[PDB]
There are 2 protein chains.
Amino acid sequence: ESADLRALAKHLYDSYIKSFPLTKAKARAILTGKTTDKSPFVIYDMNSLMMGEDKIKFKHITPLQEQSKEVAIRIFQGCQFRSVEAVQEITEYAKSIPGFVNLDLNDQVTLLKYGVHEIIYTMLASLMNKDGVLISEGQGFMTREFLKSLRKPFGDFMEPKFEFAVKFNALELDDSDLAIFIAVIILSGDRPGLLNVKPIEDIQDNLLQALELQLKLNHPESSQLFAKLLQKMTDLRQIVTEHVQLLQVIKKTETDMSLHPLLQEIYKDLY
Amino acid sequence: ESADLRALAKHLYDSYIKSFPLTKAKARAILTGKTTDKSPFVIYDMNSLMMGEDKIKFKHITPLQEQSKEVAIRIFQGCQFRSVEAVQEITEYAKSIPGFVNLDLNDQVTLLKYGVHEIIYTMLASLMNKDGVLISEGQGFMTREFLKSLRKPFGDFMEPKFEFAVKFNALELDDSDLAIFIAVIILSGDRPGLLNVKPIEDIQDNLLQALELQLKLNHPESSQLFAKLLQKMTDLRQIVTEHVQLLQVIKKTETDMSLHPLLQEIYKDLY
Ligand SMILES: CCCc1cc(C(=O)c2ccc(-c3ccccc3)cc2)ccc1OCCCOc1ccc2c(ccn2CC(=O)O)c1
Ligand SMILES: CCCc1cc(C(=O)c2ccc(-c3ccccc3)cc2)ccc1OCCCOc1ccc2c(ccn2CC(=O)O)c1
């Protein structure tokens, strides 16, 4: 019944809020210039990037590190660090998706391994507009133009995420829609190396029913939004494979070797 | 708060099972023969060492690297290669401790640097009884008396870890307990050169509260187990400092031993 699907949607939204403190709603308030109280520092070129450091450094140092390396490479390592934090946020969220924690632990690991990239881009869209991306928990904003301006291959590496975000954001999903959609992504029975596919597909079936009902209720005037959203997954996956290939080229063709070892530890048979 | 601390303990246990192939439960089942698989080959002397290597017949070459010298040094090399693998597993586990990957990246590095060997020795006890230690994923058993007998400095590497294990194991901790204990060890605010101490202390505080409650629920009859377990941290630290001194001794008494690069990095300017 329908009430239990709403109950599931509400439980997911509650957990999603807990796992991911910078929500889309809060992110969109910051991106407009609404509630004008503490405007984020804008990084729009190399100079402001460096001045941006002594604005999350003048106080103290809690990030990926600071100025003693080429800037394109430091921006890329910053992204890596944040991706590693996001994987843990997603893992925590997964534990609240009904059925997930009762799965074979090996299948949990596999689902997370192949799901996090798709989730990272989905959730990155919430923090983006057409012109840039919120960073450091909404304290900073980095422009798309500056990310795009970074030397090959780093400039063309960033821009696909913005192209996707603009398309994806035009569906106008809110945090309640996204909580269920991320859960659907995670419980994909088609990931390579899964031992027990049937319970995963049974859980995803319940999540798909919950997502369909939420979109029908929340977006009544958006015809076939559910199918349009499922079709977005096809683009997400194509996009992640392109990202994974570009990561290899970068890994191969660059000087700096000091990665975050969640990347190297993951990525087994990721095409 | 109670629910939160039980949730934490469960997360750590799941991550532990994910990161560590040969757990204590599994190890004790092989050691005592409560297992439905295989009985380990026993290495007690030169002649049985030789056959243990040559047990490469219907079970293939074990993952450890290749060798070409006297018995003491061959054993040392096997310890080394396992310790590098152990470091990799511990690092994977560390990333899952809530809050760890959100710390300053230099402090992540420092906590892993000062922390991994204390963890290695804690977890090694799981594979040890008074008579010996399980090796090669539990496919072999190397006797304490054999390891103790190795020519001068090499025997002094070995016997103190067994002395530690007999008493540690007398605490009767299980994997679920150990999962929280090793996270307490890693989140130590006293490591030399930490930049931002308090955010590590705050995490450790919460892990301590979760361990305390774990030991109450799981070992209600074991008086002051929490304290007695915390006091073992003093013994771990002494093992490490004496090990570091023995490594300086072999730099003077042997020819090119030279550690694996990862271990060289860890020991560089260690305490
Ligand atoms: C999830 C991070 C996204 C993301 C995060 C961020 C900073 O926080 C970020 C914050 C600060 C600095 C920064 C660096 C140097 C000096 C001052 C500041 C750099 C970056 C900025 C932009 C961005 O996104 C722009 C394009 C998205 O790019 C991705 C997405 C995933 C990625 C990679 C690189 C590795 N991975 C991991 C992987 O998926 O395998 C790039
Ligand atoms: C953590 C691995 C320890 C550990 C691993 C192991 C085999 O796998 C192991 C497996 C196979 C052979 C083996 C070698 C030659 C022929 C046939 C077999 C030898 C050893 C056996 C016992 C043991 O430990 C018994 C006492 C523990 O003592 C330690 C612990 C870490 C150490 C040192 C010496 C150097 N390191 C490296 C470092 O400092 O990082 C001693």
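Along the chain as shown, residues are numbered 1 onward.
In case you wondered, yes, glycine gets a Cβ from its N, Cα and C as well.
When A:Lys18, A:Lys59, A:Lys95 are looked up in Swiss-Prot, the one carrying the note ubiquitin cross-link is A:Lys18; the rest have no such note there, which does not rule it out for them. Here Swiss-Prot has A:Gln80, A:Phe81, A:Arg82, A:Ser83, A:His117, A:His243 binding rosiglitazone, and the candidate from A:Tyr44, A:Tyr267 in that same listed site is A:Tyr267. Ranges compared are A:27-35, A:45-53, A:261-269, and Swiss-Prot records motif '9aaTAD' for A:261-269. Proximity of the recorded positions A:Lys18, A:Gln80, A:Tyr267 to ligand 2, judged by a Cβ distance under 6 angstroms to any of its atoms, singles out none of them. In terms of DSSP helix, strand and coil, the motif '9aaTAD' (A:261-269) has 0 helix, 0 strand, 9 coil. The number of other Cβ atoms within 10 Å of the Cβ belonging to A:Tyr267 (rosiglitazone binding site), over all protein chains shown, comes to 15.
Working note on the recorded positions A:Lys18, A:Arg82, A:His117, A:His243: by count of other C-beta atoms within 10 Å of each C-beta, A:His117 ranks first. Between the C-alpha atoms of A:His243 (rosiglitazone binding site) and A:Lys18 (ubiquitin cross-link), the distance comes to 28 Å. A 10 Å cutoff on Cβ-Cβ distances gives A:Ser83 (rosiglitazone binding site) a total of 17 other Cβ atoms nearby, all chains included.
Proximity of the recorded positions A:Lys18, A:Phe81, A:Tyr267 to ligand 1, judged by a Cβ distance under 6 angstroms to any of its atoms, singles out none of them.
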